[PDB]
Amino acid sequence: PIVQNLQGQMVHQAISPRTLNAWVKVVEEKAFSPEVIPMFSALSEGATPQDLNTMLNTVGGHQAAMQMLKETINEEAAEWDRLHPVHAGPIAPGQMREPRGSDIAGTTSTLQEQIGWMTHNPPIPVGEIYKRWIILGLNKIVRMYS
């Protein structure tokens, strides 16, 4: 998550062990029943893309599910890049560079870039956008196992 430190900066804080353990538990106890979705949605409140990847990595033992998630994230990242391609050129003062799909998914963006987008005025809500992709994937998984 993102917190404001004593010196006034917006900085990363690790996911609460309780939040992460709750996610581990839902995946281990409920497999991919429908309740995995509202649980994911609740537990990822305020999550950066880095945080979301930390959560996704606990699903690594489930190969078919992970492959479906990866495929869905890839499709959504590709559609994002088609709709919102990065414009070549310099970044204006006070502004951020445009996020690509891989930036949203946290693979090519720094934690500071993620927080910069998420806390921008107005927000460039890369956490919410990545969440949407993951929930799309989770919906496909739930449907496959239903």
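The coordinates are above.
Residues numbered from 1 in each chain as written, not as in the entry; some residues may be left out. Heavy atoms only, no water. Residues with missing side-chain atoms left out of burial classes, pairs and counts.

Caption draft 1: Main features of the overall build of the chain. Check the secondary structure of the chain and you find seven helices and two strands. For the chain, the α and β elements follow one another from N to C terminus as β-β-α-α-α-α-α-α-α. The C-alpha radius of gyration computed for the chain amounts to 16 Å, which stays within 12% of the reference 15 Å derived for 146 residues, consistent with globular compactness. Projected onto its principal axes, the C-alpha positions of the chain cover 50 × 40 × 20 Å. Restricting to contacts in the chain with at least 6 residues of sequence separation, those with at least 24 account for 63%. (Helix = DSSP H or I, 4+ residues; strand = E, 2+ residues; numbered from the N terminus. Rg over C-alpha atoms; globule rule 2.2 N^0.38 Å. Contact = heavy atoms within 4.5 Å.)

Caption draft 2: Layout of the pattern of salt bridges. Inspection of the entire model under this criterion finds five salt bridges. Here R82 makes a salt bridge to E79, at a shortest N to O gap of 2.8 Å. With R82 and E79 both in helix α4 (residues 63-83) and three residues apart, the pair spans about one turn of that helix. Relative accessible area serves as the criterion here: at 57%, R82 is assigned to the exposed category. With relative accessibility at 32%, the residue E79 sits in the partly exposed group. The partner of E113 in a salt bridge is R97, and the shortest N-O contact between them spans 2.9 Å. Placement of the pair is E113 in helix α6 (residues 111-118) and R97 in the loop between α4 and α5 (101-104), with a sequence separation of 16 residues. The class of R97 is partly exposed, set by a relative accessible area of 28%. (Salt bridge = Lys/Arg side-chain N within 4 Å of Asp/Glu carboxyl O. Buried < 20%, exposed > 50% of the residue type's maximum accessible area, 1.4 Å probe, protein only.)

Caption draft 3: Examining helix α2 (residues 36-43) more closely. Within α2 the residues assigned to the buried category are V36, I37, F40 and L43. Looking straight down α2, one finds its buried side chains confined to an arc of 140°; they lie on one side. Across from the buried face of α2, at angles greater than 90 degrees, the exposed residues are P38 and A42. On the buried face of α2, the contacting elements are α1 (17-30), α3 (49-57) and α7 (126-145). (Arc of directions from axis to C-beta.)

Caption draft 4: Highlighting the packing of aromatic side chains. Taken as a whole and judged by the stated rule, the model has three aromatic pairs. Ring geometry for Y130 against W133: centres 6.2 Å apart, planes inclined by 80°, an arrangement best described as edge-to-face. Here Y130 pairs with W133, and both are found in helix α7, just three residues apart, close to one helical turn. Residue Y130 shares its accessibility class with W133, and that shared class is buried. (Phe/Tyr/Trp six-rings, centres within 6.5 Å; stacked < 30°, edge-to-face > 60°.)

Caption draft 5: Here's a closer look at the nonpolar core. Within the largest apolar cluster, 34 residues are counted, with the highest numbers of intra-cluster contacts made by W23, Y130 and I134. Sorting elements by how many residues they give to this core places α7 first, with nine residues. Beyond its immediate chain neighbours, meaning those up to four positions away, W23 contacts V36, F40, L43, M55, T58, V59 and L138. (Core = buried A, V, L, I, M, F, W, Y, C linked by side-chain atoms within 4.5 Å.)

Caption draft 6: Structural context of the packing of α3 against α7. As a packed pair, α3 and α7 sit with axes 9 Å apart at the nearest point and diverge in direction by 30°. Judged by the inter-axis angle, α3 sits roughly parallel to α7. Where α3 approaches α7, its residues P49, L52, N53 and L56 are matched on the opposing element by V126, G127, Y130, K131 and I134. Across the contact of α3 with α7, the residue classes tally to six nonpolar, two polar and one charged. (Axes fitted to C-alpha atoms, helices over the stretch in contact; angles between N-to-C directions. Parallel < 35°, antiparallel > 145°, perpendicular 65-115°, else oblique. Nonpolar A, V, L, I, M, F, W, Y, C, P; charged D, E, K, R; others polar.)

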